[PDB]
Amino acid sequence: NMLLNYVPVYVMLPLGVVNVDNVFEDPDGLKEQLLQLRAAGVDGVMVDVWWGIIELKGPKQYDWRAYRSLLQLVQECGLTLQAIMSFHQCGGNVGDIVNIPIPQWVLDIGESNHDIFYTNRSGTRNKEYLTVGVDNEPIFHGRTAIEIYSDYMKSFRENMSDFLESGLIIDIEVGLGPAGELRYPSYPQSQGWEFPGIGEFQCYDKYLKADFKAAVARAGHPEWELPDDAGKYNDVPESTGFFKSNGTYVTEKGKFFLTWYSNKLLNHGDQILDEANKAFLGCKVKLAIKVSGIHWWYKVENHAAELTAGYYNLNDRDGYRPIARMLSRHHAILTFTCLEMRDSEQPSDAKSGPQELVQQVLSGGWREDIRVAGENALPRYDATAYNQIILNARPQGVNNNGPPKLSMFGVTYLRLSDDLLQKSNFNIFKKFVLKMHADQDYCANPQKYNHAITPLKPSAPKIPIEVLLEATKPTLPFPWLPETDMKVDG
Ligand SMILES: OC[C@H]1O[C@H](O[C@H]2[C@H](O)[C@@H](O)[C@@H](O)O[C@@H]2CO)[C@H](O)[C@@H](O)[C@@H]1O
Ligand SMILES: OC[C@H]1O[C@H](O[C@H]2[C@H](O)[C@@H](O)[C@H](O)O[C@@H]2CO)[C@H](O)[C@@H](O)[C@@H]1O
């Protein structure tokens, strides 16, 4: 039956649906838009549950009232919800049209201890997310950063228990860094970065610096220092001593650093996921994380942009499968945030390979037997973008005699706006939804298309770092069709 080829479609709600003052501004306005989505066959919506709004007043001073009103409306409109535990700031990244800082009281601590923020070689502090360096430092009025994230998720679970029990919430996306993605803020627009700059390493806060220095000493090279020849945000790889042919990235020093740098992210995600699993244990929901799609410089040996962001991915070293393997113990979903792009849409001097990157990441996930979901990186309303998303959703087309051998768990579209609801654009969107559903009408019961949600079980045992890193072995990706068999057309 065709329904087994059905891939659910979700739509991101506007940023700021509940403002910085914790007020659900326009319920009536949202309602009409939501009803539009319901009529279009959309399965659900995604929303940021901003930490900076909810725990603003002070430690454990949560106010969930506005969000309870929003969830109630979503439920009345017959839509499911993907909730993001957004522990980051909204404002400094592409598309951020509203400013939502992290809790003021945390910012207050940062005034006396500037090292709680990611820091570049020049010493500029980025305030959008707390550095992984303080994950386990009890410097926030007695709590560590992870305990804060943990308490937040537990409070959410208890205060939204009725919505969880009624099955409104489908999955919990755990924010792990800038824009909620598990990565370092290596390409900050707020600091002058412009595509396709290689970006900069963000490991200079005193906590990470000390950890690194202790690490190199134990490795027998106490004299090794953090990179000093990697250039600046907008540089090109060949102009740096670190990324050029036979450069530092290829030396023992460079390899040790890149391994250390990338491992920090793996442990950061693993530890916070442990807390997320405890907070939602028993709930009929799934856990997910977001991985950024850094396609620029993907086609040169140095993969500079990926490296500075924390993804130690080279032609002979898979830096994404280790992440997938880590997610397996938590039964979590890997959400890739760049699915609509085509190589030919990128400037030549950027050496972009978004198509190849997508194939590597998704294949890595299916290889490790975890569920993979995705989102488009930039706003798109044209058929070519939708057709590329559909292609990646079912790489080998639909199976007329059962489920496809390969398919994504779901796709979330960025973002709900007046532009999307314009007659012509919305008209194409409807065809996109139909094709994602493999020509089937909207299906209310996920069980029909094998997407039944069972109670979250405790995570499996800890997987040692050496076992995780075995996943760096390069593998050939799964075969991809040149174009989808479920085209939207034009
Ligand atoms: O509302 C979700 C999320 O949206 C934005 O981040 C996106 C980004 O725009 C995409 O290009 C891609 O990277 O996925 C990101 C995560 O979904 C906001 O910047 C972010 O704050 C917000 O949480
Ligand atoms: O900021 C992260 C994104 O940067 C690029 O997006 C470019 C886009 O390609 C270009 O057409 C436009 O003029 O500028 C934006 C920068 O905001 C990458 O293409 C994206 O993949 C990144 O997510």
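What follows draws every value from the coordinates through simple rules; no lab data is involved. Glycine also receives a Cβ, built like all others from the backbone with ideal geometry; neighbour counts cover every protein chain displayed.
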Exercise for the section: List the trypsin sites (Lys or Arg not before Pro) within segment 432-471 that fall in a DSSP loop (any state other than H, G, I, E or B) and whose Cβ has at most 13 other Cβ atoms within 10 Å. Expected result: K462
Handout entry: Label-point separation, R65 to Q189 (7 Å along Cα→Cβ), nm
Key = 3.4
Handout entry: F256 versus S122: modelled label distance in nm, points set 7 Å from Cα along the beta carbon direction
Key = 2.9
Practice task
Normalising by the residue count of segment 50-166, find the relative contact order in percent from Cα pairs under 8 Å and 6+ residues apart.
Solution key: 24
Handout entry: Average Cα contact separation per residue, the chain, under 8 Å, 6 or more apart, as relative contact order %
Key = 19
Practice task
Mind running the shape call on segment 162-280? Use the C-alpha gyration tensor, a ≥ b ≥ c as the square roots of the eigenvalues: rounded below 1.5 for a/c, prolate if a/b tops b/c, oblate otherwise.
Solution key: oblate
Handout entry: Over the chain: helical MRE at 222 nm, DSSP H runs n ≥ 4 each giving -39500 (n - 2.57), nearest 500
Key = -10000 deg cm²/dmol
Problem - Of all DSSP beta bridges in the chain, antiparallel share, percent nearest 5 - result: 20
Handout entry: Bins of 5 Å, starting at 0 and running to the largest distance - Cα pair percent for segment 430-490
Key = 4, 11, 12, 11, 12, 14, 15, 13, 8, 1
Handout entry: Cα gyration tensor shape for the chain, rounded if a/c is under 1.5, else prolate or oblate
Key = oblate
